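Quick notes on the structure that follows.
None of the figures in this text is laboratory data; all of them are computed from the coordinates on show. Every residue, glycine as well, gets a Cβ built from its backbone with ideal geometry; the counts of neighbours run over all protein chains shown.
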Amino acid sequence: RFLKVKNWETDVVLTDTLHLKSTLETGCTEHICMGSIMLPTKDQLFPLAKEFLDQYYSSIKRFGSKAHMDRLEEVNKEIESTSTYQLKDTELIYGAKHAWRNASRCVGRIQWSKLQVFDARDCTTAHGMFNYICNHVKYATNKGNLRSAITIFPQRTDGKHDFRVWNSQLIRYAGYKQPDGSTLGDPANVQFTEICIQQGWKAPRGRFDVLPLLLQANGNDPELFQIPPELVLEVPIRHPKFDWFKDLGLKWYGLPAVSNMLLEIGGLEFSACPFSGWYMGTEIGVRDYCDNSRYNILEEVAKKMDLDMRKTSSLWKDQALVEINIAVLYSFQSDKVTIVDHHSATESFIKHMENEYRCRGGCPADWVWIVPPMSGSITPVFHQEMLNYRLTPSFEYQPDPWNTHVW
Amino acid sequence: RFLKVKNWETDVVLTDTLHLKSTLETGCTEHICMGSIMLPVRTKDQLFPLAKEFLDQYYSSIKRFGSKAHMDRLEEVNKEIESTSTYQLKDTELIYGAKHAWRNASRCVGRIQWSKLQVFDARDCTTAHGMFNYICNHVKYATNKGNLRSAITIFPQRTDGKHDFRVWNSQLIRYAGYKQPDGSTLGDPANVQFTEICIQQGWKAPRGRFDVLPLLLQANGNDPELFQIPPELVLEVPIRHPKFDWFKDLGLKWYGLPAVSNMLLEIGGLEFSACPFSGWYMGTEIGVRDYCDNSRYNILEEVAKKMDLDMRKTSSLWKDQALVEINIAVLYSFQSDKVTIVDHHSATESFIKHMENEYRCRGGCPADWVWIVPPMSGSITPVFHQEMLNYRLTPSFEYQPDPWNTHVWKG
Ligand code: HEM
Ligand code: HEM
Ligand SMILES: Fc1cccc(CCCNCCc2ccnc(-n3ccnc3)n2)c1
Ligand SMILES: Fc1cccc(CCCNCCc2ccnc(-n3ccnc3)n2)c1
Ligand SMILES: C[C@H](O)[C@H](O)[C@H]1CNc2nc(N)[nH]c(=O)c2N1
Ligand SMILES: C[C@H](O)[C@H](O)[C@H]1CNc2nc(N)[nH]c(=O)c2N1
Ligand SMILES: [Zn+2]
C-alpha cells in the first residue's frame, strides 16, 4: 500500500502514498502492463465536487471549516437545483494549477504553481474566443521571454454546446500532399490543413505556413481566423559551427501551446482550455524535425555533413541528430527566446520529484514520456523509478472534434 | 479478449491473444502502473499443474498433443512427483524449455535469435570444479574466436533449496572494482562488493582498471570456490576510434562475451538456479551504460575534454556529442577485430520484424518498452514508436537474491 521508488544512479528511495488517492483507472492489470500504450448526471457530479472542494479547503488550511461546510452546502444546493455548478475564481485557479501538477506526462512541472490562468468563462462566440486566444498568445510569448498560461472557455453543459479549439496546438505549420506523392510541410497536419481549406482557408502551400485557428463556440460550426503574424514569434534555425546549416531553410515557432485537451475540475469539463509553457529542445529537434512521419530531415542533414551513410553502424543518424539539436538550442538562445535543454529539464524534474515526495507524499509520472527521446541514460530521469497513476483535477484527451461534430 | 498494439510511425496495428496464457503477475493494478519499477522450497501441491501446463505446451509445439506419447509422459511425471516429489526433464524438454525462456524474456531485444541457442546440459555436475570445467567449455564454445554463438549451460535444479547450485558472479566475465581510501573507485564501480568477497575468499587482486574477475562457484549448497578463467579463453577488444587517434590513449578495452550468470530458469515448475547464458553485445550496452553511466566507468568528462567541446554549459550538448563518439568507437573496435557486435539501429529494426512475426505465428510477443528502447537516440529507432504489451509467460528467466545475502556458510 505504501510503495518505494528508487533512483538506481543515486540510491535515493522515496515512499509514495499519494497514489492511494488515485481515482481513475490506468489501463494495466496484474496480468498485463499497458505502460507503453499511447491511449489505454447529478448523481456522479456531487461526489466529484465534494472530493474537489475537500482538497481545495484543505490546501488553504480550512478543512472542516464553516466556510468549507457552507461551500459544499451551496454547491450541493446548486447541483440539485441546476444540475451543474459554477467554480469560484479561486477554485478555478487552484484547479488549473493542480491539473498541471497532476499531468504525469509533463516533464516541466517544477513550474506548476506559476501559471497565469485567464478566465474566459464569459466568452460566447468564436470571435470572442479568437480575441482571448490572441491575448493569451501575446501574454505568454512576452517578446521571447515566455510565461506559462492557460485560457479557460465555458464548461460543457449538455454536450450540444461545447467550446472547442479544432487545432491541436494554437501554432502549427500546415501539411500538403503533392501529386508527386510526397508531403510538403508538416505531415502531422495534412488532414487538419484539408479541413481548413474545405472551410475556406487560402493556403499559400509552403513548407512553414502558420495554420489558421478553427474555433467553435457553443457548439456552432467552427470559424477561421489568422493569428496576427506579428504575434507569432518564429526562430530561423542556424548552427554555431556549420555555416551551410542555415541554407536548409528551417525555422520553428517559439510558443508551445496545446489546445486540444479536456480539463476536468471537480467533475466539471472544460473542453477548450488551450495552455502553453516553453519548449524543451528535443521536442523540436528530435521529434518535430527527425521523426520519419514529421519533417524527417535526418537524411538531408547527414548529406550536408558528408557522413558515411552506407552502414547504420557508423552512427551517422546519431551524429546528425546531435548537431540538429545543438542548432535548435543555439538559435532560440541567440534570438533570446526561452528554451530548455533535456539535461536541464530532467534535472529540474528530479528536484521537483523530491519536493513532491516530501511535501505531498508523491508525484505521478510516466517514465515512457518523461525520458527525452535522445540520450535517455545520460539524463537522470532514466535512472529514476516512477509510479504512474491518475489524480484529478486533470488534463485528459478527447476525440478530434471533426469526428463528433454534427454539422 | 483481443488486445491491439499500434505502431505510430507506420500505422501497423497488431492483435495480441497470447497474453491470455499469462499466469504470473506484473506488479501493476488498475490504479497504478509499475512499468518502470526495476523489481516490481516448492511443494508437490503446486508442482503437477505446472508440469502439466508445460508438457501440454511441449507436446503442442511438436504436433503430438494428446498423443499416447503425450499421455504416458504426464502419467510418468505425475508418479515421479508423488513418489520423489520433484521430477526430471527429458533433454528434448530442457532444450525446448531454455529456448522458450529466452523467447519469453520481455526485456531482451535480441530475441529474433531465440531458436538458435546451444544448450549445454550440465545436470550431471556435482562439484565446483565440475562447474568451472562446464563454464570454461561454454566460454570457449560461445566465443568461437570472435564469431559469437549463443549458448546456455544448465546446472542441476533446486531440490530442497538447501543444495542449490549458484554462480556468484553476475556475469561470467566482468572487471574488478576497488574502493580507494580517498573515496574514488578503481575499475568498475558496479563490482566493488563482489570484488571484496573475492578478495576475502583468497583472490590475489592485481588492482588495475580492467582485471577480469575470478569465478566464484557454488555446487550442491556448499561454500563457493574460486577459479580463474584461463586468460587465453578471455577475448578482449582494445577501444580505438576511426577518426580520433588519442582515443586509444584513454586505455579502454572491453571483453567480447556478454554472459548473464545470476538468473534463475524456471521450466515446468522446476527451478534452475545456475544457468549462465550468453549472446553477443549491442553496442550501447558498453558504449552508453558500461562506459558513461555516472555509477560505472563514467568517461564522458575525460572524452569531451579531449574533444575540446565547450563544457561550461549542458546546452552545448557536449555530453550528447562525446556519447556518440564513444559509441562509434566501440562498434568500430569490435568490427575491426572481427568480434560479433550489433548497433542499436540494426538490433531494434530486427526486433520489430521479430515482434511482427511473433504476432502472426504466436498471437503475441511480450515486450518491456522501458528496457527494449535503447539508452541513446531512442526515437530514431523504430522501437520507440512501437506500442508493446508486457506480461509474464513461462518458461522464464527470473531474478533471484544475491547468494551472499542468503547463503548459509559451512566454514
Ligand atoms: C513551462 C514549461 C513546460 C515544459 C518544459 C513542459 C514540458 C513538456 C513535455 C516535454 C511534454 C511532452 C510533450 C510531448 O512529447 O508530446 C509535456 C507534456 C505535457 N505538459 Fe508540459 N511543459 C511545460 C508547461 C506546461 C503547462 C503550463 C501545462 C499545463 C498548464 C503542461 C501540461 C502538460 C500536459 C498535460 C502534457 C501532456 C500532453 C499530451 O499528453 O499530449 N505543461 N510537457
Ligand atoms: C543473441 C544476442 C543477444 C542480444 C543482442 C541481446 C540483447 C539484450 C539486451 C541489450 C538486454 C538488456 C541488457 C540490460 O540492459 O541489462 C538483454 C536482456 C536479456 N536477454 Fe538478451 N540478448 C541476446 C541473447 C540472449 C540470450 C542467448 C538469452 C538467453 C538465452 C537472452 C536473455 C535475456 C534476458 C533474460 C534478459 C533480461 C536480463 C535482465 O533482466 O537483467 N538474451 N538482451
Ligand atoms: F497519446 C497520443 C496519441 C497521439 C497524439 C498525442 C499527442 C502528442 C502531442 N502532445 C503535445 C505536444 C505539445 C506541443 C506543444 N506544446 C506542448 N506542451 C506545452 C507544455 N507542455 C506540453 N506539448 C498523444
Ligand atoms: F531489475 C534489475 C535491477 C538491478 C539490476 C538488474 C540487472 C541488470 C543487468 N542486466 C544484464 C546485463 C547483461 C550483461 C551481459 N550480457 C547480457 N545479455 C546477454 C544476452 N542478453 C543480455 N546482459 C535488473
Ligand atoms: C509507443 C510509445 O508509447 C510512444 O512512441 C511514445 C513514447 N514516448 C513518448 N514520449 C513523449 N514525451 N512523447 C511522445 O509522443 C511519446 N511517444
Ligand atoms: C528506473 C528504470 O526502470 C531503470 O533505469 C531501467 C530503465 N531502462 C533500462 N533498460 C535497459 N535495457 N537496461 C536497464 O538497466 C534499464 N534500467
Ligand atoms: Zn503497467
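Brief remarks follow.
- Near B:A151, the amide H atoms lying under 5 Å from its own belong to B:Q118, B:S278; only residues 5 or more places off or on other chains count, and H is placed 1.01 Å from N.
- Counted residue by residue at 0.36 nm each, then reduced by the alpha carbon distance between them, the extension gain from A:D335 to A:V190 reaches 49.2 nm.
- In order along region B:18-23, the Karplus-derived 3J(HN,Hα) couplings, from 6.51 cos²θ - 1.76 cosθ + 1.60 at θ = phi - 60°, round to 4, 4, 5, 7, 7, 9 Hz, and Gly and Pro are given as x.
- Alpha carbon centroid spacing (whole Å) that separates region A:337-402 from region A:122-185: 24
- Dipole moment magnitude, nearest 20 debye, region A:209-295 about Cα centre, only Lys, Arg, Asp, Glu C-beta charged: 440
- Members of A:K202/B:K6; B:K204/B:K305; A:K303/B:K243 lying beyond 27 Å, as alpha-carbon distances in this model show: A:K202/B:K6; B:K204/B:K305
- Bridgeable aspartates and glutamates around A:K66 (alpha carbons under 15 Å apart, same-chain partners fewer than 8 residues away excluded): A:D54, A:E74.
- 3J(HN,Hα) couplings calculated from phi for region B:3-17 with the Karplus curve 6.51 cos²θ - 1.76 cosθ + 1.60 (θ = phi - 60°) are, in sequence order, 10, 8, 10, 10, 9, 8, 8, 10, 6, 5, 9, 10, 10, 9, 10 Hz; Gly and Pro show x.
- Amide H contacts of A:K177 (H built 1.01 Å from N, in plane; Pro and chain starts excluded): A:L184 sit under 5 Å, all sequence-distant by 5 or more or on other chains.
- Computed E for A:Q111/A:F2 - FRET, C-beta separation, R0 25 angstrom, nearest 0.05: 0.30
- Rounded to the nearest 500, the helix-only mean residue ellipticity at 222 nm of chain B stands at -9500 deg cm²/dmol, with each DSSP H run of n ≥ 4 adding -39,500 (n - 2.57).
- Shape class for region B:1-64: oblate, because the ratio a/c of the largest to smallest gyration tensor axis (alpha-carbon atoms, square roots of eigenvalues) is 1.5 or more and b/c is at least a/b.
- Region A:114-158: relative contact order in percent, alpha carbon pairs under 8 Å with at least 6 residues between: 58
- 10 Å Cβ neighbours from other chains, averaged over peptide A:291-300: 2
- Taking amide H atoms as placed 1.01 Å from N in the peptide plane, the amide H of B:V342 lies under 5 Å from those of B:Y281, B:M282, B:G283, each 5 or more residues away in sequence or on another chain.
- Modelled label positions at A:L39 and B:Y141, each set 7 Å beyond Cα in the direction of Cβ, lie 5.1 nm from each other.
- Short-range pairs are left out: with C-alpha atoms under 8 Å and at least six residues apart, the relative contact order of region B:147-289 is 32 percent.
- Per residue, the average separation of C-alpha pairs within less than 8 Å and at least 6 apart gives region A:233-387 a relative contact order of 21 percent.
- When A:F349, A:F118, A:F63 are sorted by how many other C-beta atoms sit within 10 angstrom of their C-beta, beginning with the fewest, the order is A:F63, A:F118, A:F349.
- Modelled this way, with points 7 Å down the Cα-to-C-beta line, the labels at B:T159 and A:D119 are 7.9 nm from one another.
- As a ratio to 2.2 N^0.38 Å, the alpha-carbon radius of gyration for chain A is 1.05.
- Applying the Karplus relation 6.51 cos²θ - 1.76 cosθ + 1.60 with θ = phi - 60° to region B:181-198 yields 3J(HN,Hα) values of x, 6, x, 6, 10, 9, x, 8, x, 4, 10, 4, 5, 4, 3, 4, 5, 4 Hz, where x marks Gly and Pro.
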